[PDB]
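So the sequences go chain by chain: A and B.
So that you can map any letter, position 181 of the first sequence is 181 in the working numbering, and since no number is skipped, the others follow by simple counting.
So that you can map any letter, position 142 of the second sequence is 342 in the working numbering, and since no number is skipped, the others follow by simple counting.
For reference, the structure is listed below as C-alpha cells.
There are 2 protein chains.
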Amino acid sequence: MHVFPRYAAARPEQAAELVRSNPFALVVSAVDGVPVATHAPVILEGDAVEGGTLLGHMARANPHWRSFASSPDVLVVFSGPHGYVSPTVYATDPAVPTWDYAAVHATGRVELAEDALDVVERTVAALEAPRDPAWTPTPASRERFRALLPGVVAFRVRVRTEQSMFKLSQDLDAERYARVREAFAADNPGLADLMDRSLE
Amino acid sequence: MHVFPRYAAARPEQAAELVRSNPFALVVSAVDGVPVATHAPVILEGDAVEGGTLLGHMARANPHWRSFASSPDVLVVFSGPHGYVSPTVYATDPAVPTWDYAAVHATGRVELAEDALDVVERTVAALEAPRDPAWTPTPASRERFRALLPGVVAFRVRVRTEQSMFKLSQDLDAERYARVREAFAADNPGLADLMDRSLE
Ligand code: HEM
Ligand code: HEM
C-alpha cells in the first residue's frame, strides 16, 4: 500500500480507531514462498498501532499457523468501509472512476500465544463493546469456551511498522464531494459515517 | 485460508460470481521478504477463476509493482459481503461468536501488462455492468484516460491455484439460521442477499 499524502489520516488516532472498529482482518504470511492469508478477528493492545501488539486466533485445523515458526514475518490488514465511486455520481465530464476506502496495515513478528483463552475472551469483549445490546458470556458459555479451546490457535504480533490510508474523496471540490457523500449516504451508510467522522 | 468443507460453495460458478461482483481486491506479494498488499480493482478473464487470468492496475507512484519482477508470486484476495455473528442473535446459551464471509483467493505469476489502456477500459466496463444506470465513457473521457495513462501500471496474473469459501451459517439448524438471516436483512442486506443467493 502506498499512502498518497492527500489521503493521509487527518488525526493520528484515526488508525487505531479503524483497527478497533474493523477487527475482521486479513493475516498474511509466506508459506513455501507464496503469500497465504487467513480471515480472522484480530484485536489491538496499546493506545496506538505503532508500539502496539495485535492478538488473534484461527482454527487449529487451519494449517496456516504451522508456518509461523519458519516464516514469522506477518502483515495484518484491517479494512474499513469502502465503496466504488462511479462517474455517474460526479455528473461531470470528462471523468475517471475510483474506489474509496480506509485501511490500516501493520507488519511484525508473529508468535504463538499460549494464553488462548485470554485472547478469545478479550476478542469477545472487543467485538461486543460497540454493540447495543452487548453479549456477555454466561458461566455456561465460558465452560463451553474451555471445551472449544483445543481446536483454536491464538497468536500475537508485535507491530514493527504501520501505515494507514483514508481515501475518502476529501481531495474533491465541495460540489463533487457533496455528490459523493450523498450517494453513499443512501447506498453505504458505514462509509458515509466514516467520511463524516473523518471531517469532525 | 483453510476451506472448511461445511462452508464450500454449493455450486462451482459461485467463485467467479463473487470475483466479478467484488472486484476491489487485495493484491499481495513479498517485498524484501515481508508481504505487502495493495488495494486495487482486479477483473477476471475466463469463465472460471481456475484457468483464468486476472487483470488489474495501480498507481505508477505506488512502488509495489516494482517488486514484481524479482518477487513474482502473487496472491489476490477477493472479499465479498461479511458480518459479525453475535450470540445475541442466536438467543441460545451456551454460545460462541463467529464471523460470516465469502472470499476467493487466487495465486499465480504476475506480469506487467503493456496494454494498460485496455486493462483500465475493461475495468470500467466490468465495474459499471452491474449498475443501473451505468456510465459509459464519452470521447472526452477516453481522451482524458490517454492523458492519465502515464501514471498507471497495469498487470496480469495467470491463475495457478484458487480456493473459495462461503462461510454463511449454512451449518446451523433452521431456527438459528433464520435468526442470523433476519438480523442481517436489516443490518447488512448485501450479506443477506448473498446468503439467499447461496440457497437458490
Ligand atoms: C467475537 C469473537 C469471535 C469471532 C469473531 C470468531 C471468529 C472465528 C473465525 C472466523 C474462525 C475461523 C478461523 C479460520 O479460518 O481458521 C474461528 C475459529 C474458531 N474459533 Fe473463534 N471467534 C470468536 C471467538 C471465539 C471464542 C470465544 C472461542 C472459544 C474457544 C473460539 C473458538 C474457536 C474455534 C474452536 C475455532 C475453530 C473451529 C473449527 O475448527 O471449525 N472463538 N473463529
Ligand atoms: C472502475 C474503474 C476504476 C477504479 C475502481 C479505479 C481505482 C483506482 C485506485 C483504487 C487507484 C489507487 C491504486 C494504488 O493505490 O496504487 C487507482 C490509481 C490510478 N488509476 Fe484507476 N481506477 C479505475 C479506472 C481507471 C481508468 C479508466 C484510468 C485511466 C487511465 C485510471 C487511471 C489511474 C491512475 C492514473 C492512477 C494513479 C493516480 C495517482 O498517481 O494518484 N483508472 N485507480
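Idealized CB from N, CA, C, for every residue including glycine.
| Out of curiosity, what's the CA-to-CA distance linking residue 201(A) and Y284(B)? | Look at the range of chain A in this structure, 1 to 200, and you will see that residue 201(A) is not part of it.
| query | Would the segment 15-31 of chain A and the segment 86-104 of chain A be scored as touching if the rule is three or more Cβ pairs under 8 Å? | reply | Cβ pair count under 8 Å is three or more, so yes.
| said: Given a cut-off of 8 Å on the beta-carbon distance, is the pair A113(A) and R156(A) in contact? | reply: The answer is yes: Cβ separation under 8 Å.
| request: Check the Cβ of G33(A) against every Cβ in chain B and list those closer than 7 Å, keeping chain order. | output: Annotation: Cβ neighbours of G33(A) in chain B (cutoff 7 Å, chain order): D273.
| said: Would you say the beta carbon of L18(A) is closer than 7 Å to some non-hydrogen atom of ligand 1? | reply: It does not: the Cβ of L18(A) is nowhere closer than 7 Å to a heavy atom of ligand 1.
| field | Assigned secondary structure, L399(B) (DSSP; H/G/I helix, E/B strand, else coil) | value | Collapsing the DSSP output to three states places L399(B) in coil.
| request: Determine which residues share a DSSP beta bridge with residue 251(A) and list them. | output: Residue 251(A) falls outside the range modelled here, since chain A spans only 1 to 200, and no answer is possible.
| query | Taking just the CA atoms, how far does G256(B) sit from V277(B)? | reply | Distance between the alpha carbons of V277(B) and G256(B) is about 12 Å.
| message | Going by C-alpha to C-alpha distance, which of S29(A), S198(A), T98(A), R122(A) sits closest to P72(A)? | response | Taking only the C-alpha atoms, the option nearest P72(A) is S29(A).
| message | Which of the three DSSP states is assigned to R260(B) in this structure? | response | Reduced to three states, the DSSP call for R260(B) is coil.
| Cutoff 6 Å; reference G190(A); Cβ partners in own chain excluding five residues on either side | Closer than 6 Å at Cβ, skipping near neighbours: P81.
| task | Following the continuous alpha helix (DSSP H) through residue 204(A), name the residue where it begins and the one where it ends. | result | What is shown of chain A runs 1 to 200, which leaves residue 204(A) out entirely.
| Comparing the CB of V152(A) with every heavy atom of ligand 1, is any distance shorter than 7 Å? | Yes, since a heavy atom of ligand 1 falls inside the 7 Å radius drawn around the Cβ of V152(A).
| query | Would DSSP call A10(A) helix, strand or coil? | reply | Reduced to three states, the DSSP call for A10(A) is coil.
| said: Between the alpha carbons of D315(B) and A354(B), how many angstroms are there, rounded? | reply: Between the C-alpha atoms of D315(B) and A354(B) there is a straight-line separation of about 8 Å.
| said: I'd like the span of the beta strand (DSSP E) that includes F366(B), first residue to last. | reply: Here the beta strand (DSSP E) through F366(B) covers 352-367.
| message | With a threshold of 7 Å (Cβ to nearest heavy atom), would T38(A) be considered close to ligand 1? | response | Within the cutoff, so yes.
| field | Where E45(A) falls: helix, strand or coil (DSSP) | value | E45(A) falls in the strand class under three-state DSSP.
| said: Tell me whether the segment 257-270 of chain B and the segment 230-243 of chain B touch, counting them as touching only if at least three CB pairs, one residue from each stretch, are closer than 8 Å. | reply: Contact between the segment 257-270 of chain B and the segment 230-243 of chain B is present, because at least three Cβ pairs lie under 8 Å.
| message | ligand 2 and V320(B): does any heavy atom of the ligand fall closer than 7 Å to the residue's C-beta? | response | Result yes, Cβ under 7 Å from ligand 2.
| task | Could you check what DSSP says for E50(A) in three-state terms: helix, strand or coil? | result | Coil, per DSSP.
| message | With a threshold of 7 Å (Cβ to nearest heavy atom), would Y284(B) be considered close to ligand 1? | response | The answer is yes for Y284(B).
| task | Closer than 8 Å, Cβ to Cβ, to anything on chain A: give me those residues from the segment 288-320 of chain B, in chain order. | result | Going along the segment 288-320 of chain B in chain order, one finds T288, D293, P294, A295, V296, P297, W299, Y301, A303, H305, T307 with a Cβ nearer than 8 Å to chain A.
| query | Counting along the chain, where does the alpha helix (DSSP H) carrying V320(B) start and finish? | reply | Under the DSSP assignment, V320(B) falls in the alpha helix (DSSP H) whose first and last residues are 316-328.
| query | Looking only at C-alpha atoms, which of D232(B), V227(B), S369(B), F384(B) sits nearest to residue 404(B)? | reply | Since the first residue of chain B shown is 201 and the last is 400, residue 404(B) is not available in this structure.
| query | Between the beta-carbon of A215(B) and the beta-carbon of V242(B), is there less than 8 Å? | reply | Taking 8 Å as the Cβ cut-off, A215(B) and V242(B) do not qualify as a contacting pair.
| message | Could you tell me the alpha carbon to alpha carbon distance between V234(B) and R11(A), rounded to whole angstroms? | response | Answer to the nearest angstrom: the Cα atoms are 27 Å apart.
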